C-alpha cells in the first residue's frame, strides 16, 4: 500500500483516457467493477479540496454487489452507472494500493468482448450444464463467453466426459418449452445460438452400429 497521492493526482490517474476510466474498451482487457456509492464517495473526496476531509472513502467494499459472502456470486441485473462503475485494471490496482480492499473479499474482474458492432465488458458470461444423452442428471457446469463458438462447447463436453477420438458426438440445447433444438452449426457463437446460463446442453454420442440415439425421439 503506497503513499496516497494528492487529490488532483488521484483524479487524473483514475479518470484519464489513457490508463483510467475513460480508456476505450478493447477486447481481451480486464476491467473491474467498483460499487457506485464507494466511487462517488472517492469522487467527492478528490474533488473536495481538502486532503484531510472526513469524506475520505475508506477501503473499497463491494459487499452489496454479491449475492452472499460464501460463493461470492455477482448479483443479477446490476446496471453500469447505477450499481457499479467500471475501471480498467491499472486504475483498480492503484485504488486498491491507496485505499485497500475489504479483507477477505475478492475483486470483481471481467473481460471486454468484441461483438459485431461494439465492444462491451462481459459482466455476465454463460454457465452451461453439459450432459451426456444417456444421463441427463450427471452434469458438468462450465463457464463460456458469449463469443465462444458452439464448436468450443462441443470440444469441452467431449473432454469433460472423456469421449474417445473415434467416437462421433453432436450437441442439442433444451429450450424453455422443454423440447430440444439441434445445434447444427459449430461455427456460430453462444450468443448467436441464444444460449443462457443454466441451460442444459446435451452431447449425443452415435451408437457403434452407426445409428444415432436421437433417431428414436419424436420429431
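Numbering follows the first chain given and starts at 1.
Quick one: say whether 176 to 184 or 66 to 74 has the higher mean Cα B-factor in the deposited entry. Higher mean C-alpha B-factor in the PDB entry: 66 to 74.
If you average the Cα B factors in the entry, which is higher, 109 to 117 or 136 to 144? Per the PDB record, 109 to 117.
Would you mind checking which of 44, 152, 33, 171 has the top Cα temperature factor in the PDB entry? The record points to 44.
Just say lowest, middle or highest third for the CA B-factor of residue 82 relative to the other modelled residues in its chain. Answer is middle: the recorded C-alpha B-factor places it there.
For the chain shown, is the CA B-factor of residue 191 in the lowest, middle or highest third of its modelled residues? For residue 191, the deposited C-alpha B-factor lands in the middle third.
For residue 54, the third of its chain into which the C-alpha B factor falls: CA B-factor rank for residue 54: middle third.
Test of reading the entry: by CA B factor among the chain's modelled residues, which third contains residue 26? Its C-alpha B-factor, which the entry lists for residue 26, ranks in the highest third among residues of this chain.
Ranked C-alpha temperature factor of residue 10 among modelled chain residues, by third: Middle third.
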